Structure formats: C-alpha cells, structure tokens
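Structure file protein-v3.pdb; described as PDB, C-alpha atoms.
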ATOM      1  CA  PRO A 121     -23.126 -29.217   5.476
ATOM      2  CA  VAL A 122     -24.179 -30.742   2.293
ATOM      3  CA  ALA A 123     -24.955 -27.337   1.022
ATOM      4  CA  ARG A 124     -21.567 -26.035   1.810
ATOM      5  CA  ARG A 125     -18.881 -26.121  -0.694
ATOM      6  CA  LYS A 126     -15.251 -26.217   0.425
ATOM      7  CA  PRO A 127     -13.226 -22.983   0.223
ATOM      8  CA  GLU A 128     -10.731 -22.716  -2.532
ATOM      9  CA  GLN A 129      -9.786 -19.166  -3.286
ATOM     10  CA  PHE A 130      -7.702 -16.809  -1.369
ATOM     11  CA  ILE A 131      -6.858 -13.206  -1.551
ATOM     12  CA  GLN A 132      -3.876 -11.039  -1.332
ATOM     13  CA  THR A 133      -4.106  -9.162   1.840
ATOM     14  CA  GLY A 134      -0.825  -7.391   1.496
ATOM     15  CA  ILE A 135       1.014  -8.762   4.529
ATOM     16  CA  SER A 136       3.287 -11.736   4.149
ATOM     17  CA  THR A 137       2.597 -12.974   7.632
ATOM     18  CA  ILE A 138      -0.707 -14.290   6.511
ATOM     19  CA  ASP A 139      -0.003 -14.277   2.831
ATOM     20  CA  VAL A 140       2.646 -16.857   2.835
ATOM     21  CA  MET A 141       2.237 -18.822   5.898
ATOM     22  CA  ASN A 142      -1.412 -19.031   6.724
ATOM     23  CA  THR A 143      -3.244 -18.034   3.605
ATOM     24  CA  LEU A 144      -6.461 -16.137   4.044
ATOM     25  CA  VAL A 145      -8.874 -18.195   2.176
ATOM     26  CA  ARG A 146     -12.103 -16.610   1.062
ATOM     27  CA  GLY A 147     -14.973 -16.960   3.440
ATOM     28  CA  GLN A 148     -12.903 -17.997   6.438
ATOM     29  CA  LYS A 149     -13.187 -17.451  10.118
ATOM     30  CA  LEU A 150     -10.155 -15.513  11.290
ATOM     31  CA  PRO A 151      -9.754 -14.207  14.679
ATOM     32  CA  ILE A 152      -7.016 -11.662  15.334
ATOM     33  CA  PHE A 153      -5.882 -11.757  18.958
ATOM     34  CA  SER A 154      -4.702  -8.547  20.411
ATOM     35  CA  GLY A 155      -4.391  -6.740  23.694
ATOM     36  CA  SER A 156      -5.374  -3.248  24.715
ATOM     37  CA  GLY A 157      -3.113  -0.538  23.678
ATOM     38  CA  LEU A 158      -1.794  -2.305  20.702
ATOM     39  CA  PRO A 159      -2.666  -1.468  17.172
ATOM     40  CA  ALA A 160      -5.792  -3.424  16.896
ATOM     41  CA  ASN A 161      -7.820  -1.507  14.431
ATOM     42  CA  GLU A 162      -5.340  -0.105  12.065
ATOM     43  CA  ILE A 163      -4.142  -3.374  11.057
ATOM     44  CA  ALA A 164      -7.617  -4.459  10.319
ATOM     45  CA  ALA A 165      -8.188  -1.559   8.094
ATOM     46  CA  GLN A 166      -5.244  -2.323   5.956
ATOM     47  CA  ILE A 167      -6.794  -5.492   4.930
ATOM     48  CA  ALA A 168      -9.848  -3.691   3.904
ATOM     49  CA  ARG A 169      -8.004  -1.759   1.303
ATOM     50  CA  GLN A 170      -5.661  -4.310  -0.053
ATOM     51  CA  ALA A 171      -8.058  -7.167  -0.177
ATOM     52  CA  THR A 172      -8.237  -8.479  -3.690
ATOM     53  CA  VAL A 173      -8.582 -11.680  -5.696
ATOM     54  CA  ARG A 174      -5.926 -13.018  -8.015
ATOM     55  CA  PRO A 175      -6.883 -13.328 -11.635
ATOM     56  CA  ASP A 176      -3.367 -14.111 -12.592
ATOM     57  CA  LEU A 177      -3.404 -17.668 -11.405
ATOM     58  CA  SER A 178      -6.797 -18.160 -12.868
ATOM     59  CA  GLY A 179      -8.648 -16.640 -15.789
ATOM     60  CA  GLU A 180     -11.157 -14.825 -13.589
ATOM     61  CA  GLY A 181     -10.705 -11.416 -11.922
ATOM     62  CA  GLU A 182     -12.451  -8.264 -10.857
ATOM     63  CA  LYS A 183     -13.485  -8.027 -14.479
ATOM     64  CA  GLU A 184     -15.720 -10.817 -13.200
ATOM     65  CA  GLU A 185     -15.997  -9.437  -9.617
ATOM     66  CA  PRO A 186     -16.742  -6.122  -7.914
ATOM     67  CA  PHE A 187     -15.886  -5.934  -4.152
ATOM     68  CA  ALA A 188     -17.600  -5.031  -0.839
ATOM     69  CA  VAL A 189     -17.650  -5.148   2.987
ATOM     70  CA  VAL A 190     -19.971  -4.754   5.922
ATOM     71  CA  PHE A 191     -18.622  -3.375   9.081
ATOM     72  CA  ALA A 192     -19.846  -2.992  12.511
ATOM     73  CA  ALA A 193     -18.317  -2.587  15.903
ATOM     74  CA  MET A 194     -20.514  -2.834  18.897
ATOM     75  CA  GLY A 195     -19.596   0.159  20.820
ATOM     76  CA  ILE A 196     -16.212   1.564  20.886
ATOM     77  CA  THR A 197     -14.562   4.719  21.881
ATOM     78  CA  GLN A 198     -15.002   7.799  19.810
ATOM     79  CA  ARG A 199     -11.423   7.893  18.963
ATOM     80  CA  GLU A 200     -11.613   4.622  17.235
ATOM     81  CA  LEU A 201     -14.699   5.660  15.514
ATOM     82  CA  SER A 202     -13.814   8.612  13.435
ATOM     83  CA  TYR A 203     -10.488   7.168  12.719
ATOM     84  CA  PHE A 204     -12.321   4.333  11.187
ATOM     85  CA  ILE A 205     -14.534   6.452   9.001
ATOM     86  CA  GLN A 206     -11.747   8.344   7.372
ATOM     87  CA  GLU A 207     -10.416   5.217   5.845
ATOM     88  CA  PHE A 208     -13.641   4.365   4.096
ATOM     89  CA  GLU A 209     -14.173   7.614   2.366
ATOM     90  CA  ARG A 210     -10.666   7.958   1.227
ATOM     91  CA  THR A 211     -10.892   4.540  -0.211
ATOM     92  CA  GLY A 212     -14.409   5.509  -0.980
ATOM     93  CA  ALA A 213     -15.542   1.944  -0.671
ATOM     94  CA  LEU A 214     -17.955   3.229   1.963
ATOM     95  CA  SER A 215     -20.827   3.326  -0.498
ATOM     96  CA  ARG A 216     -20.811  -0.325  -1.055
ATOM     97  CA  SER A 217     -20.924  -1.135   2.630
ATOM     98  CA  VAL A 218     -23.219  -1.289   5.643
ATOM     99  CA  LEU A 219     -22.683   0.174   9.036
ATOM    100  CA  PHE A 220     -24.243  -0.766  12.333
ATOM    101  CA  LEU A 221     -23.050   1.252  15.100
ATOM    102  CA  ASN A 222     -23.554   0.981  18.720
ATOM    103  CA  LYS A 223     -21.290   3.322  20.607
ATOM    104  CA  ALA A 224     -19.968   2.411  23.974
ATOM    105  CA  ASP A 225     -22.479   4.449  25.891
ATOM    106  CA  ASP A 226     -25.833   3.113  24.816
ATOM    107  CA  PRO A 227     -27.717   0.725  27.002
ATOM    108  CA  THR A 228     -25.384  -2.146  27.509
ATOM    109  CA  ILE A 229     -27.738  -4.867  26.663
ATOM    110  CA  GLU A 230     -27.945  -4.155  23.064
ATOM    111  CA  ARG A 231     -24.499  -5.603  22.895
ATOM    112  CA  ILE A 232     -26.043  -8.987  22.403
ATOM    113  CA  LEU A 233     -28.635  -8.013  19.982
ATOM    114  CA  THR A 234     -26.461  -6.328  17.515
ATOM    115  CA  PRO A 235     -24.151  -8.974  16.056
ATOM    116  CA  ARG A 236     -26.801 -11.134  14.712
ATOM    117  CA  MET A 237     -28.701  -8.220  13.213
ATOM    118  CA  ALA A 238     -25.826  -7.442  11.030
ATOM    119  CA  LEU A 239     -24.960 -11.050  10.459
TER
ATOM    120  CA  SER B   2      71.116  18.864 -23.350
ATOM    121  CA  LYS B   3      70.138  15.165 -23.241
ATOM    122  CA  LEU B   4      69.640  16.034 -19.602
ATOM    123  CA  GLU B   5      66.880  18.511 -20.472
ATOM    124  CA  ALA B   6      65.277  16.205 -23.103
ATOM    125  CA  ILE B   7      64.552  13.530 -20.517
ATOM    126  CA  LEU B   8      63.290  16.100 -18.058
ATOM    127  CA  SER B   9      60.834  17.497 -20.621
ATOM    128  CA  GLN B  10      59.415  14.142 -21.691
ATOM    129  CA  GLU B  11      59.123  13.062 -18.015
ATOM    130  CA  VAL B  12      57.144  16.166 -17.095
ATOM    131  CA  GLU B  13      55.066  16.080 -20.369
ATOM    132  CA  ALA B  14      53.535  12.593 -19.892
ATOM    133  CA  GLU B  15      52.455  13.734 -16.371
ATOM    134  CA  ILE B  16      50.753  16.741 -18.014
ATOM    135  CA  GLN B  17      48.809  14.308 -20.188
ATOM    136  CA  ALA B  18      47.538  12.541 -17.078
ATOM    137  CA  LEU B  19      46.441  15.645 -15.115
ATOM    138  CA  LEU B  20      44.372  17.109 -17.883
ATOM    139  CA  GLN B  21      42.342  14.029 -18.797
ATOM    140  CA  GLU B  22      41.908  13.175 -15.071
ATOM    141  CA  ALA B  23      40.227  16.427 -14.172
ATOM    142  CA  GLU B  24      38.080  16.289 -17.308
ATOM    143  CA  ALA B  25      36.585  12.828 -16.761
ATOM    144  CA  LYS B  26      35.861  13.681 -13.133
ATOM    145  CA  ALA B  27      34.028  16.757 -14.415
ATOM    146  CA  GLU B  28      32.054  14.829 -16.994
ATOM    147  CA  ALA B  29      31.043  12.198 -14.427
ATOM    148  CA  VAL B  30      29.711  15.020 -12.194
ATOM    149  CA  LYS B  31      27.909  16.465 -15.203
ATOM    150  CA  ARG B  32      26.381  13.076 -15.988
ATOM    151  CA  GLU B  33      25.460  12.394 -12.366
ATOM    152  CA  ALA B  34      23.297  15.511 -12.503
ATOM    153  CA  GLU B  35      21.460  14.413 -15.654
ATOM    154  CA  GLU B  36      20.513  11.156 -13.857
ATOM    155  CA  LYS B  37      19.743  12.782 -10.539
ATOM    156  CA  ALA B  38      17.259  15.162 -12.009
ATOM    157  CA  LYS B  39      15.644  12.581 -14.326
ATOM    158  CA  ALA B  40      14.707  10.295 -11.429
ATOM    159  CA  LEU B  41      13.186  13.234  -9.569
ATOM    160  CA  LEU B  42      11.046  14.531 -12.423
ATOM    161  CA  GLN B  43       9.857  10.959 -12.865
ATOM    162  CA  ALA B  44       9.208  10.607  -9.136
ATOM    163  CA  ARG B  45       7.009  13.617  -8.930
ATOM    164  CA  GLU B  46       5.269  12.589 -12.093
ATOM    165  CA  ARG B  47       4.384   9.252 -10.614
ATOM    166  CA  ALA B  48       3.051  10.535  -7.328
ATOM    167  CA  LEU B  49       0.973  13.279  -8.732
ATOM    168  CA  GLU B  50      -0.533  11.120 -11.421
ATOM    169  CA  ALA B  51      -1.790   8.500  -9.028
ATOM    170  CA  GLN B  52      -3.057  11.199  -6.616
ATOM    171  CA  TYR B  53      -4.968  12.499  -9.552
ATOM    172  CA  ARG B  54      -6.722   9.359 -10.594
ATOM    173  CA  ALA B  55      -7.437   8.495  -7.009
ATOM    174  CA  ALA B  56      -8.486  12.026  -6.288
ATOM    175  CA  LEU B  57     -11.066  12.035  -8.970
ATOM    176  CA  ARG B  58     -12.232   8.733  -7.637
ATOM    177  CA  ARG B  59     -13.185  10.180  -4.308
ATOM    178  CA  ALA B  60     -15.126  12.843  -6.136
ATOM    179  CA  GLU B  61     -16.816  10.324  -8.323
ATOM    180  CA  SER B  62     -17.827   8.476  -5.290
ATOM    181  CA  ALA B  63     -19.225  11.720  -3.831
TER
END
Can you dump the structure from the file as structure tokens?
Amino acid sequence: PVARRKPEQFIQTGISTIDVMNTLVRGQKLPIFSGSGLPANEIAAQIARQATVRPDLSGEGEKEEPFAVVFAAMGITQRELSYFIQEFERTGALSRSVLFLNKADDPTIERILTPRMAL
Amino acid sequence: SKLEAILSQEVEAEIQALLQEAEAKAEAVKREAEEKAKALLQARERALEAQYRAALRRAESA
C-alpha cells in the first residue's frame, strides 16, 4: 500500500452519467451491472473509443501520452464476438492491444485460469 | 372631379403597398435559398473530410 499512489486523473468517457456524477478516475475498479438481454457490450465499447485524458485542465496531454487497452472475455457467444472485433479495426486501436479469447465452448475449467493470465 | 382625385390617391397608395410586399417576400425566398444551400455544401464537406482522414487512418493501421 505504501507503493501505491492515490488516483488523481480522470478521463472523459463521453457519457455524462459517469462524467459528471461519478467521475471515472484513472486506474479504478468499475463494475457495470447489467442483466441478460440488455445492451451490455455496446456500451462498453463506446468507452473504448472515447476514452481520453484532458490536457486542457493541465499542461499535459496525448502529446505526452499515447493510449492502449487489453481486452479479453472468457467465452461468449459468437454474436458478441465478431461484433466486438469490428469496433477495434474501425478504430484501428486493435494493434496496440492484446486479446485472450476463450469461447463459450471450450473446456469449462479454463474459465478460472484465464483471467489471471491476462491480468 | 374632387371626387375622382380622392379615389385615385386612395387606390394609388394601396398600389405602393402591393408591389413592395410581393417583392420583399420574393427576396426573402431568394435569400433563404442562398442560406439553405450553403449549410448543405458545408455539411457534406465536413462529413467527407473526416471520413477521409479517418479512412486513411484505417489503411495506415493496416
């Protein structure tokens, strides 16, 4: 804990909901609660494309930062899959990313291995 | 006589209102068009230009 340094920056995620009220600080733990047959994924992806620091309130921007992500699911449908992919290539931020993919059809057990591997 | 003088002048000032009235309503139509088009040529400039820079991006990434 001594090694950790308190959060202090936040990003613009592009939806007020967060971006006003709750404030997505950098390096935070945010769970997004959903139900089946709701737009679980989509909304996630949005964040992935609008996520960006604010130089304006500072003196430091993306002229001092690149940007990146690492994604994995742990098995999903197919339908969620491809849908996912098309938003990384059209952003093109795919390159600078890592994918672990377990599809919901592999031996079940490797559900518990996978998180950490990526983590 | 004096009867017809008053009738002329009465009718004549009404003439002066019809003619200008049509004209301004024509000009305003004319000028509406100028604006209408301008915002469209701009709008399609915008969209295509971004879809240009971003398009090349996806290539660059390829």
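Within the file as shown, the ChimeraX specification (/B :<10) & /A identifies residues 209, 210, 211, 212, 213, 214 and 215 of chain A.
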What is the distance, in Å and to one decimal place, between atom CA of residue 216 of chain A and atom CA of residue 152 of chain A? 24.2 Å
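Evaluating the PyMOL selection byres ((chain A and resi 195) around 6) against the shown model yields residues 193, 194, 196, 222, 223 and 224 of chain A.
Interatomic distance, atom CA of residue 29 of chain B against atom CA of residue 42 of chain B: 20.2 Å.
Using all atoms listed in the file for every distance, the candidate list A:129, A:156, A:172, A:142 yields A:172 as the residue closest to residue 185 of chain A.
Nearest-residue note for residue 164 of chain A: choosing from A:134, A:147, A:179, A:186, the minimum distance belongs to A:134, counting only C-alpha atoms.
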Please, what distance in Å, to one decimal, runs between atom CA of residue 192 of chain A and atom CA of residue 234 of chain A? 8.9 Å
Determine the nearest neighbour of residue 169 of chain A from the options A:207, A:226, A:200, A:184, counting only C-alpha atoms. A:207
As a check of understanding, name the residues that the PyMOL selection byres ((chain A and resi 167) around 9) selects in the supplied structure, as a tab-separated table (two decimals) with C-alpha atoms, in the coordinates of the input.
chain	number	residue	atom	x	y	z
A	132	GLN	CA	-3.88	-11.04	-1.33
A	133	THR	CA	-4.11	-9.16	1.84
A	134	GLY	CA	-0.82	-7.39	1.50
A	135	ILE	CA	1.01	-8.76	4.53
A	163	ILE	CA	-4.14	-3.37	11.06
A	164	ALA	CA	-7.62	-4.46	10.32
A	165	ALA	CA	-8.19	-1.56	8.09
A	166	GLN	CA	-5.24	-2.32	5.96
A	168	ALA	CA	-9.85	-3.69	3.90
A	169	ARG	CA	-8.00	-1.76	1.30
A	170	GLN	CA	-5.66	-4.31	-0.05
A	171	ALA	CA	-8.06	-7.17	-0.18
Complete the atoms of segment 138-151 of chain A to N, CA and C atoms and put them out as a JSON list (two decimals), in the frame of the given file.
[["chain", "number", "residue", "atom", "x", "y", "z"],
["A", 138, "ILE", "N", 0.42, -13.54, 6.91],
["A", 138, "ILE", "CA", -0.71, -14.29, 6.51],
["A", 138, "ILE", "C", -0.41, -14.91, 5.20],
["A", 139, "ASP", "N", -0.25, -14.03, 4.21],
["A", 139, "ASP", "CA", 0.00, -14.28, 2.83],
["A", 139, "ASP", "C", 1.18, -15.06, 2.48],
["A", 140, "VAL", "N", 1.56, -16.05, 3.24],
["A", 140, "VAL", "CA", 2.65, -16.86, 2.84],
["A", 140, "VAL", "C", 2.35, -18.03, 3.63],
["A", 141, "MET", "N", 2.32, -17.80, 4.93],
["A", 141, "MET", "CA", 2.24, -18.82, 5.90],
["A", 141, "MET", "C", 0.88, -19.43, 6.05],
["A", 142, "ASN", "N", -0.14, -18.58, 6.23],
["A", 142, "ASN", "CA", -1.41, -19.03, 6.72],
["A", 142, "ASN", "C", -2.46, -19.03, 5.69],
["A", 143, "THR", "N", -2.43, -18.05, 4.78],
["A", 143, "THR", "CA", -3.24, -18.03, 3.60],
["A", 143, "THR", "C", -4.66, -17.75, 3.93],
["A", 144, "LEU", "N", -5.10, -16.49, 3.77],
["A", 144, "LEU", "CA", -6.46, -16.14, 4.04],
["A", 144, "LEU", "C", -7.29, -16.54, 2.92],
["A", 145, "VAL", "N", -7.97, -17.66, 3.13],
["A", 145, "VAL", "CA", -8.87, -18.20, 2.18],
["A", 145, "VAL", "C", -10.11, -17.37, 2.22],
["A", 146, "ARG", "N", -10.87, -17.33, 1.12],
["A", 146, "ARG", "CA", -12.10, -16.61, 1.06],
["A", 146, "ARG", "C", -13.06, -17.25, 1.98],
["A", 147, "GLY", "N", -13.97, -16.46, 2.56],
["A", 147, "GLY", "CA", -14.97, -16.96, 3.44],
["A", 147, "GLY", "C", -14.40, -17.82, 4.50],
["A", 148, "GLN", "N", -13.56, -17.25, 5.39],
["A", 148, "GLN", "CA", -12.90, -18.00, 6.44],
["A", 148, "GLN", "C", -13.27, -17.34, 7.71],
["A", 149, "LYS", "N", -12.97, -17.99, 8.83],
["A", 149, "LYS", "CA", -13.19, -17.45, 10.12],
["A", 149, "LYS", "C", -11.83, -17.10, 10.60],
["A", 150, "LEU", "N", -11.47, -15.81, 10.79],
["A", 150, "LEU", "CA", -10.15, -15.51, 11.29],
["A", 150, "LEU", "C", -10.26, -14.61, 12.45],
["A", 151, "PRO", "N", -9.83, -15.07, 13.56],
["A", 151, "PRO", "CA", -9.75, -14.21, 14.68],
["A", 151, "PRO", "C", -8.38, -13.65, 14.76]]
